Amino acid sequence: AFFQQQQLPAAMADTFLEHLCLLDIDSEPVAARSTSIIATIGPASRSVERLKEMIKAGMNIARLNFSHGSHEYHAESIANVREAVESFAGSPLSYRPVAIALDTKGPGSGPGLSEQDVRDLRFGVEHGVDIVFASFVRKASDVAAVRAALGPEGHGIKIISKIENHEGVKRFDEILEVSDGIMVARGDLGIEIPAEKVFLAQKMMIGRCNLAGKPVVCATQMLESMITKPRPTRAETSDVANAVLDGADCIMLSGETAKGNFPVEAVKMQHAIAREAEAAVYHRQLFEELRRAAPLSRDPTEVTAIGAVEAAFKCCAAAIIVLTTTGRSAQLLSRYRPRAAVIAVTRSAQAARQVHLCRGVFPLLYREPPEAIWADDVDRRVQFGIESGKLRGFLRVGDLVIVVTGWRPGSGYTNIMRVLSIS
């Protein structure tokens, strides 16, 4: 029965063509949904009660569109998101962190950092936002200007550059090099370049981000008809599935959740599609290609990450449990696209929110009392990942897990991979 679920007959195929031939509508997804859902907050999704339903439906990142609304409006949206999120903190083994992302208005008619963006970026730092979706990035100096406007207090906010025009596509490599990730902003991109070429830019950018090991977001009109209708079109469900199959780390909802009549249903639909598409991923070729393309490295976190992903595939590990301070060790595991869930146990509330940008990373915020012996404290965090995993359905007694830790406290010392039997 195990080998009939999660498209495992299609996963064992020797060619991609045979993999397609073996895809089965009756093979149910079992693994937890890996691709994060970004939902835009607006009039249709601002209330605390609505936000609680959206968190339960699968929203991982709340997007604030600073093209509309005042700072007072956005501060209220932030407070409502935090209130809805913290209402589930009473059960620490099932609490779900939710990131807050600020989407800038943009440079507009000018080719420089606007005065409104400088004010909005400062608002973001003061309100503790986790991510900035920087609009209309056309070159590396645009990313540097956003970074500078965040100042010294905003040093830890992730900058996701939105590629929205021909220049951004042509200067992609230099933009990606200085960004934390990319958003394929298809709305403006489809007006700036011929509509029939947007899919080439999406596929190229997803491929280059996967190669770089940096998050990529697919955005705009994914479930557009759901703004007024309860069910999406056949093109819309295929678009969501294909963004996941292309290699996108995150999928986004704009008007569907910000102003539409069915915000919760749009989140549920993206969750349902992503789960089905993730099981249909051809890991046999994907992992070998990512493994071949990632350069040789002498960084122990990089070396441990490939060893752990290889070990997970060998035993069909239910999960890879990793301890992380900044999220980096979890991101390096994520870049190889394991079928095994990457359960990231962290003390940092910000890192727990930010790792939603990386596909297959399930953040757990550790809030248990400390152990006096560091080695005992490490083991306790590892057991916490196992208990949360058991409660959430990721793990069962008898499962094998890969555990990734470091040799000394502090960030940057991951170097150990262990094979653990559950209970």
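The first residue of the sequence shown is number 1, and the count goes up from there. Basically, rigid core = biggest C-alpha set you can superpose within 1.5 Å across the two forms.
Larger root-mean-square CA separation from the shown form, computed after a rigid core fit of the structures in 9 other deposited structures of this protein, is seen for 361 to 369 when 361 to 369 is set against 386 to 394. RMS Cα deviation from the shown model in 9 other deposited structures of this protein, rigid core fit, is larger for 85 to 93 than for the other stretch of the pair 120 to 128 / 85 to 93. For the segment pair 179 to 187 and 120 to 128, the entry gives 120 to 128 the higher mean B-factor, averaged over Cα atoms. Looking at mean Cα B-factors across 69 to 77 and 232 to 240, the upper value is held by 69 to 77. Ranking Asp249, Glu302, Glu278, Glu115 by Cα temperature factor from the entry places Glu115 first. The entry lists C-alpha B-factors for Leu286, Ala145, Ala293, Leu333, and the highest of these is at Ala145.
When all modelled residues of the chain are sorted by CA temperature factor, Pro29 is found within the middle third. Annotation for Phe88: C-alpha temperature factor in the highest third relative to the rest of the modelled chain, per the entry. The entry lists a Cα temperature factor for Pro263 that places it in the highest third of the chain's modelled residues. When the CA B factors of the chain's modelled residues are split into thirds, the value for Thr35 lands in the lowest one.
Among all modelled residues in this chain, the alpha-carbon of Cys209 has a temperature factor (C-alpha) in the lowest third.
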